[PDB]
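# Observations on chain architecture
What follows is the residue order along each chain.
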Amino acid sequence: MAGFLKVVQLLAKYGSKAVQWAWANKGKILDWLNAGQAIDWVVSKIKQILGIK
């Protein structure tokens, strides 16, 4: 869970709703990281889902 919590910690700068989405989608995030997706790629993907631009 080291990559997952790095994702959540990087999202915390963006606020509670970003952290909220990450916890509810923990399995997606774990699956992306295990599929070879980088932590920074996952943070960007989540920001795109949230509409942070």
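Residues numbered from 1 in each chain as written, not as in the entry; some residues may be left out. Heavy atoms only, no water.

This entry lists X-ray crystallography as its structure determination method and reports a resolution of 0.960 Å.

Quick look at helix α2 (residues 16-24) now. Residues of α2 that are buried: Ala 18, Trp 21 and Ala 22. Viewed along the axis of α2, the buried residues span an arc of 100 degrees, placing them on a single side of the element. Seen from the open side of α2, the exposed residues pointing more than 90 degrees away from its buried face are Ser 16, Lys 17, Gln 20 and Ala 24. The elements touched by buried residues of α2 are α1 (2-12), α3 (26-34) and α4 (39-50). (Buried < 20%, exposed > 50% of the residue type's maximum accessible area, 1.4 Å probe, protein only. Helix = DSSP H or I, 4+ residues; strand = E, 2+ residues; numbered from the N terminus. Arc of directions from axis to C-beta. Contact = heavy atoms within 4.5 Å.)

What follows is about the packing of aromatic side chains. One pass over the full model with this rule turns up two aromatic pairs. Here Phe 4 and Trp 23 contribute two aromatic rings whose centre-to-centre distance is 5.0 Å and whose plane-to-plane angle is 85 degrees, an arrangement assigned as edge-to-face. Taken together, the residues span a long stretch of sequence, with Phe 4 in helix α1 and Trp 23 in helix α2 at a distance of 19 residues. Between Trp 32 and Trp 41, the aromatic rings sit 6.0 Å apart at their centres with planes inclined by 80 degrees, giving edge-to-face as the arrangement. The class of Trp 32 is buried, set by a relative accessible area of 14%. (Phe/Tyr/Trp six-rings, centres within 6.5 Å; stacked < 30°, edge-to-face > 60°.)

Ranked by size, the top nonpolar core spans 13 residues in total, and within it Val 7, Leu 11, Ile 29, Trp 32, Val 42 and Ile 46 carry the most contacts. Broken down by secondary-structure element, the contributors of at least two residues to this core are α1, α2, α3 and α4. Ranked by residue count, the leading element in this core is α1, at four residues. Filtering out sequence-adjacent residues up to four positions away, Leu 11 remains in contact with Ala 18, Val 19, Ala 22, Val 43 and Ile 46. (Core = buried A, V, L, I, M, F, W, Y, C linked by side-chain atoms within 4.5 Å.)

Moving on, we get to the environment of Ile 52. By the secondary structure assignment, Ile 52 is in the segment after α4. Accessibility expressed as a relative area gives 34% for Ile 52, which makes it partly exposed. With 34 residues separating them along the chain, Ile 52 and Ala 18 place their C-alpha atoms 9.5 Å apart. Non-local contacts of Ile 52, meaning those with residues more than four positions away in its chain, are made with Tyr 14 and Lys 47.

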